[PDB]
Every structure is written in C-alpha cells, then in structure tokens.
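An overview of the molecular structure
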Protein chains: 2
Amino acid sequence: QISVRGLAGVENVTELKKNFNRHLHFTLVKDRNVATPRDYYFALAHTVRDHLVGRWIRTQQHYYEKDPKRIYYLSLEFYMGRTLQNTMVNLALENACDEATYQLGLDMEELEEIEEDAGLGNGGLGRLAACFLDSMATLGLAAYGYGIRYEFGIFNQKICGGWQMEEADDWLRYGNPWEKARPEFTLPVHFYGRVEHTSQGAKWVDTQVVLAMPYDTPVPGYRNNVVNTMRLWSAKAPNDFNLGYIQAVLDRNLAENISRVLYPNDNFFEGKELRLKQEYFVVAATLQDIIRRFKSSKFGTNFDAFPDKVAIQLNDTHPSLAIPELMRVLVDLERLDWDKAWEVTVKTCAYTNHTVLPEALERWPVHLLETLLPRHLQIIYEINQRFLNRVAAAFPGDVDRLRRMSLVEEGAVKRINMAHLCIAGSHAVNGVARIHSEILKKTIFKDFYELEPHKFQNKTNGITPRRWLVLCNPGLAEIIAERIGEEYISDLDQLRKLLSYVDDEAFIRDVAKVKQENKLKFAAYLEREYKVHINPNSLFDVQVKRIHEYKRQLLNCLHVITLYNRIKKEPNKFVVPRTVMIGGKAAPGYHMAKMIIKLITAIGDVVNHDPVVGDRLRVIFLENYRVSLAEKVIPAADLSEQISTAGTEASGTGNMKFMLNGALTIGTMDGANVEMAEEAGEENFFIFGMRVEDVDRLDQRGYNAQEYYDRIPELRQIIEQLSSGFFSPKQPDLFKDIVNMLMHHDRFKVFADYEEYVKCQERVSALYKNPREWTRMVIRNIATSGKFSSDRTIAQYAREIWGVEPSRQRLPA
Amino acid sequence: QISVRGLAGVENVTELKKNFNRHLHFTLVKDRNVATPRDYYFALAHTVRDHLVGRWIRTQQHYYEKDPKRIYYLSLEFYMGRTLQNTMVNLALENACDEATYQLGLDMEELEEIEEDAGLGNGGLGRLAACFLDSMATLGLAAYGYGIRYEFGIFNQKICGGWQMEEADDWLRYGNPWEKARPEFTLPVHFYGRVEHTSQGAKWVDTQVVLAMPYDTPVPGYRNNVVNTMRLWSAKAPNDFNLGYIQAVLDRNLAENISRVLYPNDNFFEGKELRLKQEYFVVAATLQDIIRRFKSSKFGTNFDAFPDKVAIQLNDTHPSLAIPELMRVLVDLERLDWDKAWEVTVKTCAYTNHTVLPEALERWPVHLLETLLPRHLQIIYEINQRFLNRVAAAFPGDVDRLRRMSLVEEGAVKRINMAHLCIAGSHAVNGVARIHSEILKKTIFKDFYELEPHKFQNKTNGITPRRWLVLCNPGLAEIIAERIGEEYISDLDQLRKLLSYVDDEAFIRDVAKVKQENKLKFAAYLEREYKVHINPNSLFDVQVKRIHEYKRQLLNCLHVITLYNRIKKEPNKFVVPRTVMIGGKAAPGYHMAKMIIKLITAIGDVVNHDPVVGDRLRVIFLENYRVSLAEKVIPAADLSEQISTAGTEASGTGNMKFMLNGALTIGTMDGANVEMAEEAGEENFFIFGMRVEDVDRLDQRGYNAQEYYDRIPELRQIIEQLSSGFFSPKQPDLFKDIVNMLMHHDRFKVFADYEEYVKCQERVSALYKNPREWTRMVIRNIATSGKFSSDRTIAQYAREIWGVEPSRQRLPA
Ligand SMILES: Cc1cn([C@H]2C[C@H](N=[N+]=[N-])[C@@H](CO)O2)c(=O)[nH]c1=O
Ligand SMILES: Cc1cn([C@H]2C[C@H](N=[N+]=[N-])[C@@H](CO)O2)c(=O)[nH]c1=O
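By the method listed in its record, X-ray crystallography, this PDB entry was determined to a resolution of 2.14 Å.

The structure is reproduced here in structure tokens:
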C-alpha cells in the first residue's frame, strides 16, 4: 500500500504464501478448518523467521572470518516488545507479507496484535538496551546483548476499583518462535563455598553449581543483511542436584528460581539476595562465554590483546560484578599477575550511569557478598586498598576524601558502593544527557572526576527511528518519504530538510491529517478494547512513563483539577477541549505510586461524569502501559508531558519518541528536554518551572510548601477538596497520605512549579486554537529530532568508548 | 540392506536428504561446519516427524467424520522408550533414511543412540501401556492414551562402589521433537475447597485451581497410515496465582510440582498427598476432554448414548478416581439423577488389575480425601452404601461379607479401598494372565466374583512384535521373512509356519548365526560403553526386571555362588561357560532391593577376579536398565530367568520378549510362564519349583527356612560365606540383613526352590553343550510365541470389553 513498506513482488508473495501453508501444516500441525488466529500468527512468525536464519548464520560466520573487536552489552533488562513487525520492517518484507496474508484471506494487523510483548524490562533503562541492539546491528557492529531470560517479565497491570493489581506476565505460555535454545553451550555458575589459599594462590571451593543455558534471539539491522545475537541465560539445576528422592527432585526449583522473575523496580534499589544471584548469574556465564570466544578466535594465552578484541559495556551497576569476576578469572584461573589483570580489566570495561537519585544506587551489604561470593569480596577489598593508595598519593592528607571515595561504606551495616567499584574499574564513565553528565562531575562523582577527569564522558540517549517512526507511525514516515526520500530512516539528521516545508501548505495539511488519523485510530482502539468513549477533536494531553514521585504525575493531577474547577466556576465560557491521558506502572511495593494511580482514577470518576463538563474535559488512566501500547498512544499524542523536577530525570527517552511523532512538549529544563529545546529552538517548546539552580537555591533556603498554599487560592481549593473527600465521598480521608506528603515532606517541590505550569498550559491551549500555527511548530520539532536517533548515540559509543568504526555497508544476501 | 526395512527408492532418498538439510538450516539454525551428532539426530527426527503429520491430521479428521466409539486408555505410566526407529519401522522408512543418511556421510545407528528414552514408567505396567498404544493404532481403533507429562521420568541409575545412586532423568533438556503443545486446550482442575448444599443439589466451592495443559504425541500404526494420539497433561498455575509480589510468582512452583516427577515405585503403594494430586489431575482433565469431545460429535445432552461412544480403561487403580469424578460431573453439573448417572458410569468403565501383592494395593486415608477432594469422598460413601445394600439383599445376614466388601476399611485410620471402588463401578474386571485371573476369583476378589461373576475376565498380556522383534532384532525378523514372508509382523500367529523348519539344516544354522551376531554386538557394546570384558562363547544367562524380593534375584545369586563354589572345589573339571547378567532398578526407599544390588556386584567382585575361574564364569550387573537397554540385551540372551515365587508375578512381559527373540526360559509355573509353556510344550521349557498349590501347602504348615539350611550342605556353605564376610572382607557383617531375612522372615520361600532350581540349571547346561538341539528347541519357542502379541490382547479387549471391532484396513496416504 505505502512506499516505505517495501516491494510486494509476484515471486515473493507466492513464496511467502506457500511457506505460510507449510508452517501451518508441518509446524503447527493444523489445517484451515481448525486453525485459530493465534495459529495464523505463529505460521506468519515462523515464515518471517525463516528469512532471518540465512543472514544470521552468515553474519556470525563473517565475524569469525574477519575477527573484529566484539562489543558485549551487559544488561539485566532488555525491553524488546513485539518482534514480528520489527523484523518485517528491517527485512523489507512488510508489504509482501501484507499482500500474502490478504490473499490468504487474513488481516495481518489482527495477527500482529496476538504476539506477546517481550516485557523483560521496567522502563527507560531496559528500552534503551533494546534500541541500542537495533542501532548496533544497523551500524554493522559485532555486538552481542547479554542478559537473563526471565520466565516472567514485568507484571501485567489490571485496574480494579481504581487500584493497581499485578498479575504474572506468562509471556512464554504459547512459546516464543524467535528464540533458539542452545543447551550445548550450557555453562556452570558458582555460588557460596569458601576461599582456600595455596602455594598457587587462592582457590574457590565447596561451591554450589547452577547451570546457565543460553537462548539466542536474532537482532536484524535495518536492510543491511546484518543479524546480531541477543543471548539470554536461563537457570538450570545440575542432574545430581541434592542427589528423600522426591523432595530432592522438587528442590531443583530453588536453583532455577534465579531466572524466574524480573524485579519490577524502576529506579529503586532493593537489597535482596535473589537479585544479587541474578546479577552474578548473568555476569559469570557471560564472561566465560566472552573468554571462550576470545581464545577460539582467528587472532589467538595472550591477554594483552584482550581489550583490543573485547569491549564490555555495563548498563548501570547491575552487572558491576563483571569487574571483580574478570579479575578473579585472570588472577585465579589464568594466573596473570594483579597489575596486568587490572590493566586488562580497566581497558575492557565501561560504565553507564542512569540516575542520581540516592534510592536507586546499589549498595550491597558486605555480609551478603561474604556468604554468596566470598572470593569476590576479597578482590573488592584489594581493589579498594590499591585505589585508595592512589587517592592518598594524589591528595596527601585529605582524609575525608578517602572515606568519601572508598568502595566500602562504613556504618550500622558495612556496604559496597557498586557505582564506586564501576568508576575505579572502567576506562570510561558516561551519563545519558549533557545536563546529567555535568551533574555527575559537579556533585555525586566530583571526587572521582578530580582524580581521573579523562574517564568522564557524555553520551546523550536516543531512540530507534525504525520502531519509533516507521513501525508505529507509517503514515508520517510516508509523507516525509514523499518529500525527502527514504534515506533518513538510517540517517535521521536528514529530517532537517523538512524545515524548507514549514510554509508548504500541502505538507502542513498532510502532517495535520496524519495526526487526526492516528487520533481516530487510537480513539477507536479505546472503545473496542476498553469500552471508553473520547472526543477525537480534543487536544490529546498525554503523560506515559513509570509512576514516580520525581516524574510528578501529581503536578499533572493538580493542573487537571484546576481546569475542572475553572469550568465549574464559569461553565458557559469556552475552553479548548482536552483528553488527559496518564499511564504507567507502579512498583508493587511503592505505596505512594499506588496512591497516585488511585487519585488519577478518582479524578476521572468525578470529571468524566459531570454533565456540566460535557466532552470538554476527560481524564483517562491508560491501563497496562508497555512497549506495544506506547507504539499506539505516542503517534496519537498532541501534547507530551515531561515535567520531572529539574535535576532528577537523567535523560528520559519517552520525550524523544513524542518529538519524533508530531507532539509538542511541555516540560522542565531537565534531562534531554534541554537538548531537545536547544535543537528545535526554545520558541518551539513549552518550557516552564525551576531550573536546577533554582532548585538548589530553594534547598539552601528550605522548601516550605505552606507558603505556596497560603498565597495561591486555586491551589488551596484543590488541597481542601482532596482533604475533605471531594474525590472520595465514601472514604473522605482516602488521600490524607498524599496531602500530608505535599504539605510536609515533598522532595520534588510540586507546589513550587504549580503557578508557572498552569500558566504555560494556557499558552499551549491558545496555540492549539490556531491549527496552522500548531502544525508549523510541530514540523519544526520533527525536523530537528535527528540528534536523538540511537544511531547517533551508538556511533558516539563506538568511536569514543569502544574504539570501533560504524559501517553502513551491506552484507551480501 | 535387509528386506523387512522397506524400499530405498531414488525419489524418496532424494526427498529425505533435502528435507534433512532444510531442517538443519532452518530448524536447528546450523550448517555442516558447526553441527554436532546431536544436531544431526534432531534434523533426522524432524524429517521423519514431517511424514507423520499428514496422516495424523487425516486420521483425526476421519474419526470426526465416521464418529466411531472412542477408547480412552487412562494410565499414570507410559513407558515409551525411543521414538525415532519405531516411527521409521511403522512408516516403512528405515532403509530410505539409512540410505539418505549414508549419502550425507552419517551413520544412522549412531544418531539413534542420541535420543533420550521417554522413561515415563517404572516397568511392566507402564510398558504394557506403550505396547497397547502401538497395537491399538495397528488395529485401527479410535484410541487415545491419556497420562501425565512428567518433567522427570524414572531416575537414571548409576552404580558407585557397588551401590545404586539415583540421578534426575532430565529427558526434556534438549527438547522433545515428537510432542506438540496444545495450550489452546488448557483445562482447569480443582482441589481442596468445601461442599455446599442448595435447592439445586451439591456445589463444590472455594477450590484452588490448577491448569492442565495438553501435549500431543503421535502414535503410528504399523504401515496402515493410522496415527493415533497420546495426550499428556502438564500442570500450570493460573496467572492470578497467589496474586509479596516476588514470592507469589515463585510460589507458582507449588501448583506445577504436580507434573514434576514420576513416583519411582514398582508394585508398591506410597500414600503421599502429591501422588493423590497426580491421580486426580490426570482424571479430571481427561474426563473434561472426553465429555467435550462427546458433546461436539457428529452424533449428538443425551448421556444415554455416552457408553455407546466412550470406553474408559483404567490401568490399575491409579486412575480409579475416574469413577466418582464421572458421577460428580453427571450428577452435580449435568443434573442427571443418581441411578442414571451410575448406569452410564458402570457401562463406561473397565478395570485391569496388575498384582495381588497386598503392599501394592491403593488404600487412601479418608482424611486425605476429605481435605483434598471433599465432594468425591461424599460420592464414594454414597456408592458404598448403595453397593452394600445390594450385598445385603443377595446374602442376607452375612455381616462379615459386608465388612469384607466395603469400599471403606475400618481401623486405626479409615481408608478407601480403591480396588473395591473399581470393581463396583466397572462393567468389566480383568487379570493379566489366566492363572492371575483365576487367583482373583478364588482369593482376593472372591466375594465380588460371587456377587457379579459376569464382570470377571482374563486378558493375557502381550508385547508388540514391532518394537520387540523387527526393531530390536532385524536379523531374526529377516531370516523369518525369507521363509514365511512379512505378514507375521501384524499377524504373529503365522510364526507357527516355522515349525516345518525345525529339521531344516539351513534354518537351524541361520537362527544360531543371528544369535551369535547379537551376542557379539552386545559383547562389544559392553566394552565400548562400560569397559567390561566378556566371553561371547559363553551362555548368556540374563535376568532383567525391577529389583524385588518376589522376583527372587536372590535365588539367582544363590545359584551363581553354587557354581563358583563347585568350580573352586573341582577347578580342572569342565563346566559350560556362563555370563550371568542381572539388571534392574530398585525403588529409592526399598532398602532390601538396594542390598540385593550390592550383593550382586559383591559376588562379581569375587568371581570376576578369581584366576582359577578364568572366563568360565562372569557376573555382571547391567546398569541403568530401561527400554533402550532391553532392546539390546534381549536379542543377545540365551537363557531367560523368570523365577518369581509361584502366585506372585501376575503376568510378566519380559518373559514374552525373551521367547520372541530366541532365548530359552528357566522359570516357575507363574504368571504367563504357564501359558508360554502350554504353547511351546513343557518339553521345550525349563520349568522347576513349587506350584501355587505347593506354596499354599507350605503356608498352612509354616515355612521354616532352617530346615533347608540343615539338610542342604551346599546351601549352608553359601550362608556361612555371606555371614562370615567372604563377599565383603572390609565389612564382614555387610550382608547380615539379607541372611536374617532369608533365615527368619522370607515371604517368598527362596530356600524352598533352591534344590530344584540348581538341578534344572544343570539340565540347561547339558542342552547348551549340544548346539543343534538347543537351537531346535529355540525354534520351537519362537514358532509358538504368536499368542503373546499385544495385537491378540487388544483384539480381545476390543471385542469382549469395549464392544468394538478391530480393522487391518489401510487409511489412504
Ligand atoms: C518499591 C519502591 C518503594 N519505594 C519507597 C521506599 C521508601 N520508603 N521509605 N522510607 C520510599 C521513599 O524512597 O519509597 C520507592 O520509592 N520506590 C519503589 O520502587
Ligand atoms: C519403596 C519400597 C519400600 N518397600 C519396603 C516397605 C516395607 N517396610 N516395611 N515394613 C517393606 C516390606 O514390604 O518393603 C517395598 O517393599 N517396596 C518399595 O518399593
């Protein structure tokens, strides 16, 4: 149907149809008489999968022959979403499959909805890993994603009586056609035991063994015939495990629990033993795999060349145990001396920091490591001692610096600071947006920056334009392609060419038309799938992201209530109609986040059923927000809410997705918002609120929320409404926790940004009254969104950290 | 190479090779450069599997159109072994695959050894189920095997220091290419809860739900294009299970433990709750599936025709809960009155008894059923009351009969006798050999036989000649086929034609040649796989079966020691050389059986290293005895030991396997040995020892083992040797338990059969000295083994129990 979706050649369509029928018969063991839509989905998935394998085998063969430097991206999270449409896009198969399925009497879009999300992440950090894999393959890098194959990913969120309920994400129930089990490459991982000292150094003995079984998933580059690998480890008990008889067999579960479930915490550290086991499990199996591949190379025993052939990227501190594990292997097993091993380790490892929030920093109790990983603790102590000797020599007499920089934190419980370990053992440390990277050097890692300034870098985050434009917004990709061609898909800077169309009446009409169609499609989706009725002529005001105090969904709530109260005060006055959509999951143990969800639904309950309001204001909580839902709501959005307190959101990536898809942004000067505004021009952004410096000034003075309550009558009214039970008639004190927090212990200064936020929202509404000028501003945003492609981000990692050159060159088909 | 293995047509070989290469590439994602023999096995398995699916789909389609009476074979055990070679044989593909793999530079026999046994059974009972499935498909019956897909089958047995060690049978590790998951047909199973009474009868409420997910495995008939289904259920937790968060997800294991492991008890009842859950799990899911299929038929609401369209065969009492579960569904859910429901139940169900040993009988504590299955207990009480009212009316005043026949046993703990439940609720009850069936009517079920004589039948066991001749002994199948053609493979009575070749010098030479080749092949196997050296010119004396006191491996041990002592007494005297092979697993908690294994190895330790013995006597314990090992050792055997105490082995089936493969039998008049001897003529069997009547006479008098010890000097010497530490120098009292048992508490009268056994063994040795006459007797055995085909057995079930006609007619290809 549309150009960007590839050719539907007679030969290809015929070949796809017959292979579809073959899979339905031989693979699914069905005929057309008994097949369900799920069967049809699987026959399609298997057909598309077949096109990958040849490229997959020759890509890996190519790397064996050429022996390039290999990039190992270590992450506990890969938030992949669905794979079917993504694979078709990158293989140029979408129109052909659409045609082949149409001719078989099937709707491909219906079949696509059947695929489960691979929900192996929490949010930003996990989704960045997924975007990174796509970009690395697209840029021809010899890259491998390594992680854990969780049996249960992020929970499915149900809303019951306005409250979040969690249910198990049993994503493997019907099978996963994309993965290939590789039981032949199973590796042992050791836990517990004790350390023994001999003439030949230390020995780790009396350990429990858990097996790590790899599952490989293909990662196709964009139309370049490159197919990289994501390898995910699964925990298996050895066959002599605990070997009365029946119980010993049943106890195998204990070992296999390691890969059972993803910890559903976003930007929060929970010091549980199972989590530590997961972290070591991925690290130990991965490093063995890395070393095996290194020894079995066309190049080489000699570990001097190890950093020339291997880069390990640590996605946050979660795989920080890679550092002492690499030391363990090199010193204890390969018998390298400490200094040489350390040189190799530092030159191999690099660390990416994702947040400055203290509650997210990993600080493991020493007693946990002592029991679980006794040899790693000894190595960490030794790293610490040698590192602090370096600090002492550079800053003689500075005893407080020594305590501040120590990997070992003293106190009630002794802890290991994993961030400090990462900096010490990596040749590069990066933040994820310019402002965040500067905050690292100025505040939390100031001491480390003074010692080793060369180590500190910025790599501003990005998103893949394949998933986040072509796949989810084909209509927009197409109108862009009509004007400037298709090259921008793997070279997003070319979107600048769109600036010369900002006064083009045809283009203005097309941009606005694509948005309306997206909005109609999403409005229909809501009725069909959730039985909720919305006005597609209203401004789609959306905030979608994990529920957090720092992300300030509560500030959004305050604005919504302000609009409601203003309408109630002057009912017959004209207001720009809005659909306010808020979505995201709360971590199960995060009480305040669960209260905020309840608040949003409670506001909806009052606002959506007030006859005086009509269809002028609607508040909807978007249930079970996840990658596949993001692909639907983001193209439909007019307004993107990025309203975190300045200095708290390291980068954000949702912001970039909205910019690419034709939404205007209301936000603070936080994270990547700063660079986005810089790229588009501040005139083309709705920036409000305190800057980082203003927050610091308020902290020194002391934040007093009562002041704002006293001086802003509209804010006072909202607090009285919350307190008195206006939004909870049956349970008048339901929201006392929220009011108390806002009035007395608000770390994120919600009240302090209220006035400017409400005023800025009025400026948004005014612009929306003028469709042509709204759309012209939109064009100015889309046109300057190129910097935020993960292809740019990965090219920067490649050149400035990994020491490898990106390549757009095709491999032969 | 050989005739019976089918055609190797140019078209077929070419087509097999290309499909092999396709699977290696697309299915396994490998090329010839990286593929292991395991990969080659899997590519072959997938290629052969493809040939099944078309036949599988049309067989099931055929049953839907024709709507025949369906047979449901309910078993907790299906001892399937390997599937690859069996599938090739039944599809006439073996030579073609052999040729196709040869041309690809691969040895097919090497690839066949890579397949894991499906070890989902303990021994005789589970293997009978497997033979039955093969025969039912071969006879064109619309039959379904229903069971549990255990994650761990029967343990792998390792021998360490002469002791049995158990390790987990992780048979699914590398995947199972034969099964197809059917998550779309998942069904709920209920546990616990309570019973509520309403105006509309009883209601079972507040239950825990476990999901039952079916996996279908194809069962091909012999060259008739029929492919039936074995459906095995797997336990899955529902997604809201226990739904802090992490623990709730981890606790899903509790539910899924139901299908985790096979209870490794052979002929022994262990009253564990998990076992009861397994029994109800298979029954509840199966019956829902049965009823669903019944309602969705071309015929029919009206349950009057239910027994016309459905037969349920209960393999032992393990699925006995089918009876009250069917009542529950019909009464509580379908709202049929009790009397009608009961009529339907009785006419639907039939029960096969497998043993008379009291320790094997299932007697469940009432308190277990009360908690787990409260509604089923109420139904059982009601069945009991109505049944005992019938007994009271037929035998007025006979109060002891009432207590003897009650389904409820009184005592310390109240128990339900599941055998009594089965008889009451089935229209047919059968034993598994003529002598066993007579013992049922005369002893343990005498009262029930007096009440309902019409219910009691015999169905003598059988084995499939496909697996147990063609597959494991192609050399013998071929020389037979040269003389009499190939029709005997699905009509084993035709082997009688071989009687006219008993004086044929060519045939005599060929029979003896096939045995020698088998013996050489097995002797080589032992060296390669276990590094043990044996003389292939010796008589292969083999006893393979589960380790039990009743099977009297100990009597065999006594004979072995007698031979050793006789050699030591007169070293320079000639004795017929023997390799004595004993193999089988002991249940992990069965101490005496584990001691017997230790004894066998201990004897081997002394005998195998005595220079005076030389290669005249060898004692070998065959490790990890299982179906695949049976297929190797049985064709190599000269002497088959079937030496259970008369009246204890209900049938046996190993006996029949040895008879079919050219071994002579030494045995008691027990189980099917009686019918085997009757078929071949007693002159052509080595029968010894007490008959059932002699055992009873000894029981009345009182068995005194001391008497035999006093009067048999050779027996006395063996006991002194055991006691004094002759076979355990480091641990002189190691075998005190065994001696004490033999002397004081021997339920199985080992000493009482010693003299006759030893004398009979001398007659065996004498015959073996005359090769021509040994082989002529062998021919007389093979030639009369036809009755013991499971095709005969199943034809008898079909006609006399299920009310269906067998068919040899081909379905179209
Ligand atoms: C599970 C979870 C809890 N919390 C709770 C833990 C802290 N309890 N205290 N004190 C509180 C403040 O960080 O928030 C959070 O912030 N994020 C989370 O993800
Ligand atoms: C596990 C197992 C134990 N036993 C033990 C249980 C009994 N213990 N007592 N008394 C003993 C005699 O039946 O054998 C058995 O016979 N067969 C088995 O399979």
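Some thoughts on the site of ligand 1
Residues and elements named next belong to chain A. Taken together, the residues surrounding ligand 1 are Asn-265, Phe-268, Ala-587, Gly-589 and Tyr-590. Protein chains shield 58% of the accessible area of ligand 1, which is 430 Å² for the free molecule. Of the residues belonging to the shell around ligand 1, the class tally is three nonpolar, two polar and no charged.

Overview of the interface of chain A and chain B
Accessible area lost during the coming together of the parts is what is often quoted as the interface size. Contacts between the two partners involve 49 residues from chain A and, on the opposite side, 49 residues from chain B. Its largest share of buried area at the contact with chain B, chain A owes to A:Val29, A:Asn239 and A:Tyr245, together 15% of the area lost on that side. Linking chain A with chain B are six salt bridges. Looking at the side of chain A that touches chain B, the elements that each hand over two or more residues are α1 (10-27), α2 (37-66), β6 (163-167), α7 (245-250) and α8 (252-256) of chain A. Here the residues of the side of chain A that touches chain B sort into 24 nonpolar, nine polar and 16 charged.

Here we look at the packing of helix α1 (residues 10-27) of chain B against helix α4 (residues 94-103) of chain B
Two numbers describe a pair of packed helices, the interaxial angle and the distance between the axes. Residue and element names in this part refer to chain B. Where α1 meets α4, the closest approach of the two axes is 9 Å, and the angle between their N-to-C directions is 60°. Here α4 runs oblique to α1, going by the angle between their axes. As α1 runs across α4, the sense of the crossing is right-handed. Contact residues: α1 offers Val-13, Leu-16 and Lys-17, while α4 offers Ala-96, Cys-97, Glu-99, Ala-100 and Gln-103. Classifying every residue of the contact of α1 with α4 gives five nonpolar, one polar and two charged.

Thoughts on the state of the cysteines
All names here are of chain A. Considering all chains together, one arrives at zero disulfides over all chains under this definition. Here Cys-131 stays unpaired: no disulfide links it, and the sulfur of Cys-472, its closest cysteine neighbor, is 11 Å away. The class for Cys-131 is buried, based on a relative accessible area of 2%. No disulfide involves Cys-557; its sulfur sits 18 Å from the nearest other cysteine sulfur, which is in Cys-760.

Some remarks on the site of ligand 2
In the region of ligand 2, the neighbouring residues are B:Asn265, B:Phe268, B:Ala587, B:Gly589 and B:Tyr590. Of the residues belonging to the shell around ligand 2, the class tally is three nonpolar, two polar and no charged.

Re unusual backbone geometry
In most cases, non-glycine residues show a negative phi, while peptide bonds are predominantly trans. Phi is positive for B:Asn267, which is not a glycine, with a value near 55°. Relative to the helices and strands, B:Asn267 is located in the loop between α8 (252-256) and α9 (273-295).

As for the side chain of B:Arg552
Considering the arrangement of structural elements, one finds B:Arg552 in the loop between β20 (539-544) and α22 (553-569). Sequence-distant contacts of B:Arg552, that is, excluding residues within four places in its chain, are made with B:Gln543, B:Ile643, B:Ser644, B:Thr645, B:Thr668, B:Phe748, B:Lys749, B:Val750 and B:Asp753.

Some points on the relation of the copies chain A and chain B
Mapping chain A onto chain B leaves a residual RMSD of 0.0 Å; the transformation is a rotation of 180° accompanied by 0.0 Å of translation along its axis. What the rotation and shift describe, once combined, is the action of a two-fold rotation axis. Taking C-alpha positions as the reference, the residue of chain A nearest the rotation axis is A:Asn253, at 3.6 Å. Looking at chain A, 100% of its interface residues are interface residues in chain B too, so the copies touch through the same face.

Some points on the sheet that holds strand β15 (residues 363-365) of chain A
Residues and elements named next belong to chain A. Strand order across the open sheet formed by three strands is β15-β17-β16, with antiparallel pairing between neighbours. The outermost strands of the open sheet, each flanked by one partner alone, are β15 and β16 (408-409). Direction of pairing for β16 relative to strand β17 (residues 415-417): antiparallel, over a ladder of two bridges. In the strand pairing of β17, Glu-409 is matched with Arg-415.

Describing the nonpolar core
Burial of nonpolar side chains together is a common tendency in soluble globular proteins. Residue and element names in this part refer to chain A. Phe-281, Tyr-488, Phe-522, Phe-751 and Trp-802 are the most contacted members of the largest nonpolar core, which has 262 residues in total. Ranked by residues supplied to this core, first place goes to helix α9 (residues 273-295) with twelve residues. Leave out the neighbours within four places in its chain, and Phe-522 touches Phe-540, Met-581, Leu-622, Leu-629, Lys-632, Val-633 and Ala-636.

A closer look at helix α27 (residues 692-701) of chain A
Residues three or four positions apart in an α-helix share a direction because the helix packs 3.6 residues into each turn. All names here are of chain A. Taken as a whole, α27 has its buried residues at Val-692, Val-695 and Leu-698. The arc that holds the buried residues of α27, viewed along the axis, is 125°, so those residues lie on one side. For α27, the exposed residues lying more than 90 degrees away from the buried face are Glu-693, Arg-697, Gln-700 and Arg-701. The secondary structure elements touched by the buried residues of α27 are α17 (434-444) and α28 (705-711). Count one or two residues on from α27 and you reach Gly-702, which has phi positive near 105°.

Let's talk about the pairing of strand β10 (residues 201-205) of chain B
All names here are of chain B. Bridging between strand β9 (residues 194-198) and β10 involves five bridges; their strand directions are antiparallel. The residue of β10 that forms the bridge with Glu-196 is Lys-203. The hairpin formed by β9 and β10 contains two residues between the paired strands.

Notes on the packing of helix α11 (residues 322-333) of chain B against helix α14 (residues 374-394) of chain B
All names here are of chain B. The geometry of α11 relative to α14 is characterised by a closest axis approach of 9 Å and an angle of 100° between their N-to-C directions. Considered as vectors, α11 and α14 are oriented roughly perpendicular to each other. In contact with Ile-323, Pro-324, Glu-325, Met-327, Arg-328, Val-331 and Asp-332 of α11, α14 contributes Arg-375, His-376, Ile-379, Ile-380 and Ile-383. Here the contact of α11 with α14 is built from residues that sort into seven nonpolar, one polar and four charged.

A closer look at the pairing of strand β18 (residues 428-431) of chain B
Residue and element names in this part refer to chain B. The side-chain alternation of β18 yields two buried faces, one formed by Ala-428 and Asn-430 and the other by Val-429 and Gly-431. As paired strands, strand β14 (residues 349-352) and β18 are joined by three bridges and run parallel to one another. Residue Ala-350 lies in a different strand from β18, and its bridge partner there is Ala-428. Of the strand pairs in this sheet, β18 and strand β19 (residues 456-458) are connected by three bridges, and their pairing is parallel.

Looking at the side chain of B:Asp289
Residues and elements named next belong to chain B. Checked against the element boundaries, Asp-289 lands in helix α9. Since its relative accessible area comes to 0%, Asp-289 is described here as buried. A distance of 2.7 Å separates the side chain of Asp-289 from the side chain of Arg-231, its partner in a polar contact.

Details of the domain arrangement of chain A
Residues and elements named next belong to chain A. By domain assignment, chain A separates into domain 1 (1-462 + 790-813) and domain 2 (463-789). Averaged C-alpha coordinates put domain 1 and domain 2 at centres separated by 32 Å. At the interface, 60 residues of domain 1 touch 60 residues of domain 2. Broken down residue by residue, the surface that domain 1 buries against domain 2 is led by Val-4, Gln-157 and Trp-163, which jointly contribute 13%. Between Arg-466 and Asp-134 there is a salt bridge, with the nearest N and O atoms lying 2.9 Å from each other. The interface formed by domain 1 and domain 2 holds 35 residue pairs in polar contact in total. Secondary-structure elements contributing two or more residues to the side of domain 1 that touches domain 2 are β2 (78-81), α3 (84-91), α6 (124-138), β5 (156-160), β6, α17 and α33 (790-802). The greatest single-element share of the side of domain 1 that touches domain 2, amounting to seven residues, is contributed by α6.

Quick word on the environment of B:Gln85
Residues and elements named next belong to chain B. Here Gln-85 lies in helix α3 (residues 84-91). For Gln-85, a relative accessible area of 16% gives the class buried. Put simply, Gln-85 and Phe-152 are 67 residues apart on the chain and 23 Å apart in space, counted from C-alpha to C-alpha. If we skip the residues at most four places from it in the chain, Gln-85 touches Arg-5, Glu-94, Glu-112 and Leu-471. A distance of 2.8 Å separates polar atoms of two side chains, one belonging to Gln-85 and the other to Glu-94.

About the cut-offs
Residues numbered from 1 in each chain as written, not as in the entry; some residues may be left out. Chains lettered and ligands numbered in written order. Heavy atoms only, no water. Near = heavy atom within 4 Å. Areas by Shrake-Rupley, 256 points an atom, 1.4 Å probe, with all protein chains shown as cover. Nonpolar A, V, L, I, M, F, W, Y, C, P; charged D, E, K, R; others polar. Contact = heavy atoms within 4.5 Å. Buried area = accessible area lost by both parts, 1.4 Å probe. Salt bridge = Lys/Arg side-chain N within 4 Å of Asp/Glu carboxyl O. Helix = DSSP H or I, 4+ residues; strand = E, 2+ residues; numbered from the N terminus. Axes fitted to C-alpha atoms, helices over the stretch in contact; angles between N-to-C directions. Parallel < 35°, antiparallel > 145°, perpendicular 65-115°, else oblique. Left-handed = near helix turned anticlockwise from the far one by under 90°. Disulfide = S-S within 2.5 Å. Buried < 20%, exposed > 50% of the residue type's maximum accessible area, 1.4 Å probe, protein only. Least-squares fit on C-alpha atoms. Pairing = 2+ DSSP bridges. Core = buried A, V, L, I, M, F, W, Y, C linked by side-chain atoms within 4.5 Å. Arc of directions from axis to C-beta. Polar contact = N/O pair within 3.5 Å; in protein donor to acceptor, adjacent residues only side chain to side chain. Domains from an automatic or database assignment.

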